[PDB]
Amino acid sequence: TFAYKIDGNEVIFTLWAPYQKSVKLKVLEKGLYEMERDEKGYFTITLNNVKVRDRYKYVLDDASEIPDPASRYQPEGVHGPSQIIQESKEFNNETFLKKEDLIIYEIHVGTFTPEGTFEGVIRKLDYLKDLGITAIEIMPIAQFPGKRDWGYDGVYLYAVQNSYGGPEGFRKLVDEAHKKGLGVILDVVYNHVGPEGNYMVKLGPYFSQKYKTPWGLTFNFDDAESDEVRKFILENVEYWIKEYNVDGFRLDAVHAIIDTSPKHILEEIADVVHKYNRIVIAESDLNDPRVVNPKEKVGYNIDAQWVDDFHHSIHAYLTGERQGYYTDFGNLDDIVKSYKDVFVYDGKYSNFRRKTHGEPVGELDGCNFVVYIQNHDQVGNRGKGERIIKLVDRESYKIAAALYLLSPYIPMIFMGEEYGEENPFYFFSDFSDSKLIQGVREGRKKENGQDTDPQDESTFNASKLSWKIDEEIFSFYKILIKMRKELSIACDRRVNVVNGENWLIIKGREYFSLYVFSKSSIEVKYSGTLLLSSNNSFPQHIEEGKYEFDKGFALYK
């Protein structure tokens, strides 16, 4: 209840407008009307003449026409009139998506398929399925400005992307994957909004003034009317679930979500989701268990959370990288602790933030966290979106892959990565306000040295995937993904871990694994049969003793 609501033959027009005195419905074809201002600040009207897949603008006091922020869909620009659509209405009391079986495929509909749409991505299902992926994670489809964006300027939480196809398409996309037995997971932004087409600002207070994130400012969940906005959001998740049988959510940078209330909005959301028996994952920098934490432990519940701590340890280890966050790591030791204690910052000094970061993760299964060697962020904000292939010796790139998919955690593959993709993932925008298409520039430029003027199709397309398979890499992947299942490696943190100066051997419940980054001697403490190696130098049937190995990765049993 916020956008519109088709009854029988009749339709309503709710509209949170505290700041307004006079608001006017305006079917573009039909006419202009007067909303029933309720004391709380909710203008409102009721229609029946309408059925009309009609455009409409809300015209306020000031004498300005604007679009329904709960816009079901914005046919034209992020200034297009909002529009009537059908009531998908149907979805199911669940997700087939069981947590353990979780292989995530991060995708970016745009730069993905050369079509760059759902249709585009629909073509790859069976491919995806082939791969073994247990589910798909879509990057933000919240109507952003232009046609070229990661989707982090989504300024229409309710309206499904124009370009990407939209509604029916996105609609179709799920119904599709659904049949392919694939799960879909939408990654939604609740900690902020788009710098273009944002008309919250004139309807009332949607965003707190107390605080200031980096990208502008979060919404208002605390002060003055929190009540409403906090509902906005909360309804927003419900929508997805029913209007699109979505399988799960992925929350962007929760830690920019500020709440002081006795009940943190997160926990508020989690419940909405778990209510429909769906899943939630969140991007959180704060090495805090709270999030993913259980109800008994007064945690928000959130099903799972990303652990960049993993990534980083590995990355800076393989690369001789020490910039920005990389400075907190770049070492073997890190890799192991992360491997056994989810966070590398368990409550210790980050010189990076000159603070005392994170704190001990519980006794939570590996499945409360999701690991990766790649993601839009990690590639994306490099200045030249270098994939990781471009910075590591081939054997390495293979090793890494192993590391992560072989974790109890919840392995998620960036798009491309599996088949050995070398294209880059660039920072691209599609703004219109001069000051935007500018500020941005010195931004990405000053922030990350990106040269590729994001506001250039160039930068764009150059990130489009070059479906150039590499069966070496591609093969591997499938295998890994496969062994993982076989082995029952998931969630389980009952692991034994060793490493030497440059090696590392990890026992598990059903095996051992060998990581050697440099020819060296290993006192292999066990006998198993080679299950998979990165090389050929690997001994099908191993036994306990000293052995000299070559830079490579081998997997026993």
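One-based numbering along the sequence shown.
Student: Tell me which of 91 to 99 and 408 to 416 has the higher mean C-alpha B-factor in the deposited entry.
Tutor: The recorded data point to 91 to 99.
Student: Going by the average Cα B-factor in the PDB entry, point out whether 72 to 80 or 378 to 386 comes out higher.
Tutor: The deposited B-factors put 72 to 80 ahead on the C-alpha mean.
Student: So if I compare the CA B-factors in the entry for 498, 495, 27, 59, which one is the largest?
Tutor: In this record, 59 carries the highest C-alpha B-factor of the candidates.
Student: Please work out which residue in 251, 270, 125, 203 has the highest C-alpha B-factor recorded for this crystal structure.
Tutor: Most elevated C-alpha B-factor of the set, per the entry: 203.
Student: Would you check the entry's CA temperature factor for residue 360 and let me know if it's in the chain's lowest, middle or highest third?
Tutor: Its C-alpha B-factor, which the entry lists for residue 360, ranks in the lowest third among residues of this chain.
Student: Against its chain's modelled residues, does residue 488's Cα B factor rank lowest, middle or highest third?
Tutor: Highest third, going by the recorded CA B-factors of the chain.
Student: Consider only the C-alpha atoms of the modelled residues in this chain, order them by B-factor as the entry records it, and name the third containing residue 321: lowest, middle or highest.
Tutor: Middle third by C-alpha B-factor.
Student: Using the B-factors in the PDB entry, rank residue 289's C-alpha atom against the chain and give the third, lowest, middle or highest.
Tutor: Its C-alpha B-factor, which the entry lists for residue 289, ranks in the lowest third among residues of this chain.
Student: Compare the C-alpha B factor of residue 116 with those of the other modelled residues in its chain, then answer lowest, middle or highest third.
Tutor: It falls in the middle third of the chain.
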